[PDB]
Every structure is written in structure tokens, then in C-alpha cells.
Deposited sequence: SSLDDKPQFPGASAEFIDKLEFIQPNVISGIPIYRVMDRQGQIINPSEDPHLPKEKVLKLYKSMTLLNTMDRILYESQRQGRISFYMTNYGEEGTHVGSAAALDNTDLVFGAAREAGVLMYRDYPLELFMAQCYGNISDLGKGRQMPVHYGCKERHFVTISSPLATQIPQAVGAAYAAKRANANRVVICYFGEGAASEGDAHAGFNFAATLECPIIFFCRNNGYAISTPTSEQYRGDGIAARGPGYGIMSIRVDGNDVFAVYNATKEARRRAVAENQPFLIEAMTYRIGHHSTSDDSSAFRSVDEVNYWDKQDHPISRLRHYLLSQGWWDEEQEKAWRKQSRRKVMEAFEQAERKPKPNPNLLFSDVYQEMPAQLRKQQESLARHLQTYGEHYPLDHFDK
């Protein structure tokens, strides 16, 4: 009986403010308990052994790499690092639910997605060292990864800027009849940025095949969520934009996989956004765990044991150390590369600046650390 274009609603004849439900919020979806036991048989994805072992080995290999590169940072061998501790389950559980060619936008804390997609150890290292093997040409801070082959858009420091971008790539995919979905990861702190409000609204009104994947680890650097928002986390925001939303246990690789798998299926079929808020806890910020929960599961199915755990711990340390040795011995790229790719074609005036550097180094090069730069 109300006729207003802005909303579809009835009249009410008494004044009643709508109260938020924060104390009893959106419940947390969980598939396996802390002992790795399946709680509800109808929800078990019954992933095959080789796939569940890949989830496990990807998480642990990431953890092995993290320990070594974190030490490398402490010694000043690389200028920065930040670990994935506690996030390994959200990474690998969601990546396993995607198509290989689904495009990923991330925030900075999803090396496990690249790991699941078989990104070489040499290439994680090359970016952290800024060596000649880095396809990023040593230009970004360490732990800024990207891979065009594996459909993983280069990560950038400014928080949340990837969120409206991811929506545009999803709109483009829709037009291309891609049958592809975009996933976009961000933390609960980044969800406070204006660009998150932009991306969430655009994806709904432009009907885009996108999964918004918020990792809520309770902290943004020193800021607890009590200072970050006052509604019921990020999941409760989704319905206000018209977005189907769910909250999952981010320490449960199966809950993450199931929610991501179903979000992907429906996003691609229906051209509509889905929001998944995965609850974790930031175990490490920069320079009841998903791995142990999955280990307990494996040890039930009879698919892992102490002998295997020992051998894999050895093999993964050896692979990480081989990559690390190679990364440290590679030279850095030619200093000329600081000038290319600013535009596709270097402007004549930028070429002039390049030439001026080359002249400068001719005369003053003894003063520059040219030892381990290429050419």
C-alpha cells in the first residue's frame, strides 16, 4: 500500500526502531570439530585422499617457507616479510573450491592461494629478494605477489583498492560469457574503507559473478574489532546491499571449502555476488589451528601418520632451502629496469632520465652497490 519507489514495504502505525542483533549474530558454519571429527555427515564434502593431502601439504609447505623467510628478514637478508600463520586454512580451503582459471584479487595475506595453484618456491623467493627471476622486476616490497599464468592479480599495499576492481573484472567476465568467477580477499579492517562499500554495492546493482572473502582475524595491526565496527562483523553487512552472506570457521578447511564451492556455483549461475566471512585468529602482523585440525582428520581416515609427517617435514624443508639458496645467489635486475613499464612505451623524456642515470653511473659508479646488479 506504500507507493514509494525506493523500497518495497508495508505501513506500520507504531514507532519502532530496528535494533541490530549483535550478541547473537550470524552463526559460524563448521564441518569438523577441533579433533578433526566430522560433525554432520550430510555436510561432509568427502573430498578424495589426494585432494585432502594437497590441502595439507600446501598449508604445511607454506608454513615451512614462512619460518625460513621470517628468519631471513630478522637477519636483514630480505627487507620485509609477513607470515600466513593461522590463515593457511582460509587460503587453501577456498582456493581448492575455485576453478584454476578463476581470477583472484587479494589483500596481502594469501600466499596459500598461490601455493595451492603450484606457484614455484623460486618465484615467491624471487619477489622477496627482488632478484632477476622476479617477473615484478624487483619493484615492489616483498610479499607482494602476482602471477598472470595462475590468474592471481598482483597485490598492492593500499587496503581495499582491489575490491571495486575485482567487481569490474567480474562484470567483464559476465559479458565475455566466461563461466568464470572472481574472488576478492580482504581483512575486516580493510572492510572499513570506502572502497569496500563501493565494491559491495556495485557488485549487487551490476549483477556480478564475484565472491567477497573477508578474513576476520579480530585485529587490524593493533586495533581490535571493538574499535573497527559495532555491527555483527562483516557478514551482517552483506544483506543490506542485497548480497547473500555466510560466516564460516576459518580454522576448518572443509567449512571454508564447502561455502566457497557453493558460492562459486551460485555466483556463476546466477550472476550475483556472495559474501563469506571466515573467522580466524591472527596467530603471528608483519616484520585450534587449521593445520593441526586437518592433521587430526587425516590421522582418522588412516591417510597420514608420524612416519609420513616426519618425511614430509624433511622433504619440505629441503625444497624450501634449495629455493632459498638459489634466490640468494641470483643477481638483482639491471637498474635500467627502474624506468620501464611506467607507461607501456617509455616517453622520450623518461628515456632521457634513463640515459642520465647511465651517464651518472659511468662517472660515479664506485659509489653505488653495483656488485650484485645485472649488467
property: Deposited residues without C-alpha coordinates, grouped into stretches that follow sequence order; result: 1-5, 290, 294-312
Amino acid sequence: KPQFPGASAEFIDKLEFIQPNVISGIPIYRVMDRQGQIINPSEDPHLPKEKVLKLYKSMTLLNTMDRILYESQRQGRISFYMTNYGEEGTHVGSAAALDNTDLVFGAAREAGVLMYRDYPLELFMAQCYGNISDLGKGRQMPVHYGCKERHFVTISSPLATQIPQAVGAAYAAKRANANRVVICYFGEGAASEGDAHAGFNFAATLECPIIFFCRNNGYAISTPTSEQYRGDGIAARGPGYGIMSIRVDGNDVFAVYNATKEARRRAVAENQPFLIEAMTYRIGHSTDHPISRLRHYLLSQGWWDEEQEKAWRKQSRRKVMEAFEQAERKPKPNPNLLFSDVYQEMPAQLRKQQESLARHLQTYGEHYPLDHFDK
From here on, numbers count along this sequence of modelled residues.
property	result
Between 54-62 and 333-341 (mean CA B-factor, as deposited), the higher	333-341
Selected stretch [higher average CA B-factor]: 84-92 or 121-129	84-92
Highest-ranked of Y281, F254, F213, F202 once sorted by CA temperature factor in the record	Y281
Out of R109, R237, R247, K148, highest CA B-factor residue	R109
Chain thirds of CA B-factor: placement of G76	highest
Relative C-alpha B-factor of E262, binned into the chain's lowest, middle or highest third	middle
Cα B factor band for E207 (lowest, middle or highest third within the chain)	lowest
Third assignment of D99 from its chain's C-alpha B-factors	highest
Ranked against its chain, the third holding the CA B-factor of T154	lowest
